[PDB]
Number of protein chains: 2
Amino acid sequence: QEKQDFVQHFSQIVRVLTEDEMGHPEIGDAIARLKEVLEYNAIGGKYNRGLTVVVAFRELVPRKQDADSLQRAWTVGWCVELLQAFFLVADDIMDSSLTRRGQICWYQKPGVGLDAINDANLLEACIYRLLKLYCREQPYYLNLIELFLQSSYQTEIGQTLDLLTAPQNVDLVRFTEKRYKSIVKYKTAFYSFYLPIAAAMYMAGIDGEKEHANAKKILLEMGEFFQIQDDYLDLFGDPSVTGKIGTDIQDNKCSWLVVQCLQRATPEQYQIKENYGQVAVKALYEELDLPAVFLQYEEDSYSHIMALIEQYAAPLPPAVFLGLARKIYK
Amino acid sequence: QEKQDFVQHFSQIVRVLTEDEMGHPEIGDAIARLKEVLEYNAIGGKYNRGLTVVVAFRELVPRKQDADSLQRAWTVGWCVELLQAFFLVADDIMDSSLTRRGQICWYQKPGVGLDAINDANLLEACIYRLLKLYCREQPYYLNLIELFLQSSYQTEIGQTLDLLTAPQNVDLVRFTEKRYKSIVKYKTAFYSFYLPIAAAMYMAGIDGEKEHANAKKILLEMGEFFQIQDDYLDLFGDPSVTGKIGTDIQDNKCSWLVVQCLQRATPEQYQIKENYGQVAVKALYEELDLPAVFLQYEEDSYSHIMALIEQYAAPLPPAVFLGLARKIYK
Ligand SMILES: O=C(Nc1cccc(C2=NCCN2)c1)c1ccc(-c2ccc(C(=O)Nc3cccc(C4=NCCN4)c3)cc2)cc1
Ligand SMILES: O=C(Nc1cccc(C2=NCCN2)c1)c1ccc(-c2ccc(C(=O)Nc3cccc(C4=NCCN4)c3)cc2)cc1
């Protein structure tokens, strides 16, 4: 039910971002185009990240939430969604993707193409316009600005690392465990899991370095499991349950699965760079019982995350972290 | 001589941006690549914008400049240069350019291609890393963050507007004066002329809304002349004096020259969308005495800028604005 109140707030988000027309009509055409970029690219996902901001926030304070406070929590939720849209529009260009969210990628639209690059940059910019519009008088204004800038930088560094690692031709010597973890941490975990809780945290007046560092320990480990599950499901999931079918192996992805395969292949199995990149790695993954290795790692990972929450949650409510965990773990 | 002290400070800029290796070796390869992006893309221009920050700054205070203060002025100079590099790397992709600064465009490098998009984003991100590293304890920290974010947004809006206006096929009904001015203002004038002085301004403790608004009036008008001269010189300049030869007409640019041509062409001359986009518009421009129209507009524009400085400079030293004007006007 909540997610809907969050999705409701978008037309106001868009309204507010397309107001300058009023004060500066000369730029009207550019603003109309920005509105298209918003509506194409910010809508249509699951909104778990932006929603995480609202749930966290509302779990992290009880009587300090008048209508304006909740409004800011929604806006900063949507800022996370804009950050994500900025990455995705740009990542889709970089990897020559065709579809996104069951839709043609913004850039594959006739009349868009590589103009999508500036479109992506505008999505980014809209983050800091919303923060100024809604949060500039707030004590946590600067903390949120720096948080979104740091998240972007980490993500971009992760993406660099990913591009160096899986060039758009087989090479498996790069696909190591330490490199995999490192890509997941910077490219996915920081912005997907730390950013949304940390922002809620700052908005609740919880600005301590120690507390953020504790929350981060928990959340980066959750992020890591998330992506690994993601990788497992890409291949071994049911498209009837998941809502897409996966192309990791074809794409020369540094998947958890291929990293696991490599540290557990006799040289015969090793090569086999003869089937990585288009059909069945899939058969070899099953020969090495990677589904059982996953099942086992998931059990250990859950144990590990529960101890992490035990050790590192306080003085925050465990529920904030437990909520995420329940979602991650079927 | 100064410009050299500014260019000297780069290897420290790069050193400082590539330090995280020390604390986080897992990301080493990504950092090495970032260092390449810096050195390819931030070096090789004229550095007028970043240099404008140092000259302004040093003209705007007399005994309040110890070694650390001058260091910050240099760093924020270089932040402007990084902003510029971010735009240029990205603009070069969007318009399928071949060369930049007498060099192959970063993205045309074999092994780079559309990865340049993330490279561009990293240049952007490095702005706010330098500001944090050097300026976070300064009273003007937040003002500079917001200034660089606003400059980026304006520029991106300008670029949108430019893309809507000169799609990569002839149409001349879009090439109006009001649209031209509007593109120059947002795409070029804000970040090239207002940003560098305003940052120097903030660093000197001059944070007044009124003063910034006055400085802006002067500087956006300087920006406008700059670009118009740029357009004139593109065609009618001497490549032996300028250091490049111009391709505006071929590229379907909204040049000042074509805007002037259109409001002064009988329908015969009008069409003539038969020669706009590849050889000689050039002959028709001379038939309409556009070089004399330029010469005249330049004389009026100089008059106008001197009155603007007279009226709007105080309480800042006229020299800060006069220095720029002297450079703009042969
Ligand atoms: O509202 C839900 N969770 C929620 C949202 C916001 C905050 C919280 C929360 N709990 C307390 C603290 N915050 C929980 C919720 C509803 C449906 C789901 C649901 C959505 C997608 C899936 C699913 O597709 N999982 C999955 C697997 C692999 C990848 C992804 C995925 N999602 C984003 C990009 N990739 C997602 C599973 C469950 C998840 C969460
Ligand atoms: O150091 C010089 N000017 C300067 C630099 C920084 C601050 C100031 C300044 N005066 C007091 C306040 N700030 C003046 C300087 C040295 C050589 C030049 C020079 C460089 C290029 C040109 C020239 O190519 N002009 C020109 C024409 C059209 C375009 C461009 C251009 N430059 C950046 C992108 N396009 C440049 C003319 C003169 C300009 C300035």
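The residues of chain B that appear here are 78-138, 140-246, 248-351, 353-358, 364-365, 367-416 by Swiss-Prot count, in order.
The way this entry was determined, per its header, is X-ray crystallography, 2.2 Å.
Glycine is no exception: its Cβ is also placed from the backbone N, Cα and C atoms.
What Swiss-Prot says about this one:
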MOD_RES   B:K123  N6-(2-hydroxyisobutyryl)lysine
MOD_RES   B:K123  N6-acetyllysine
BINDING   B:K123, B:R126, B:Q162, B:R179  isopentenyl diphosphate binding site
SITE      B:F164  site 'Important for determining product chain length'
SITE      B:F165  site 'Important for determining product chain length'
BINDING   B:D169, B:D173  Mg(2+) 2 binding site
BINDING   B:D169, B:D173  Mg(2+) 1 binding site
BINDING   B:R178, B:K266, B:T267, B:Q306, B:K323, B:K332  dimethylallyl diphosphate binding site
MOD_RES   B:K353  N6-acetyllysine
Please report the end-to-end Cα distance in Å across the unmodelled region of 5 residues, from B:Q358 to B:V364, as a whole number.
7
Select the closest residue to B:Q306 (dimethylallyl diphosphate binding site) from the following binding-site residues, measuring between CA atoms: B:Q162, B:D173, B:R179.
B:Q162
Let me know the largest Cα to Cα distance in Å among the isopentenyl diphosphate-binding residues B:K123, B:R126, B:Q162, B:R179, as an integer.
15
Starting from each candidate's C-beta and looking 10 angstroms out, tell me which of the recorded positions B:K123, B:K323, B:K332, B:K353 has the most other C-beta atoms.
B:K332
Which residue, of the binding-site residues B:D169, B:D173, has its CB surrounded by the fewest other CB atoms within 10 A?
B:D173
Can you give me the same-chain residues 6 or more apart in sequence from B:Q162 (isopentenyl diphosphate binding site) with a CB-CB distance under 8 Å?
B:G122, B:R126, B:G127, B:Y270
If I take the Cα of B:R179 (isopentenyl diphosphate binding site) as reference, which of the recorded positions B:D169, B:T267, B:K353 has the closest Cα?
B:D169
If the criterion is a C-beta within less than 6 angstroms of any ligand 2 atom, which of the recorded positions B:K123, B:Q162, B:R179, B:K353 pass it? List them in sequence order.
B:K123
By the DSSP assignment reduced to helix, strand and coil, which category contains B:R178 (dimethylallyl diphosphate binding site)?
strand
Measuring Cα to Cα, tell me the gap between B:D173 (Mg(2+) 2 binding site) and the residue listed as 'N6-(2-hydroxyisobutyryl)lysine' in whole angstrom.
22
Determine, to the nearest whole angstrom, how far the Cα atom of B:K266 (dimethylallyl diphosphate binding site) is from the Cα atom of B:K123 (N6-(2-hydroxyisobutyryl)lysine).
19
Among all protein chains shown, how many Cβ atoms are found within 10 Å of the Cβ of B:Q306 (dimethylallyl diphosphate binding site), not counting that one?
22
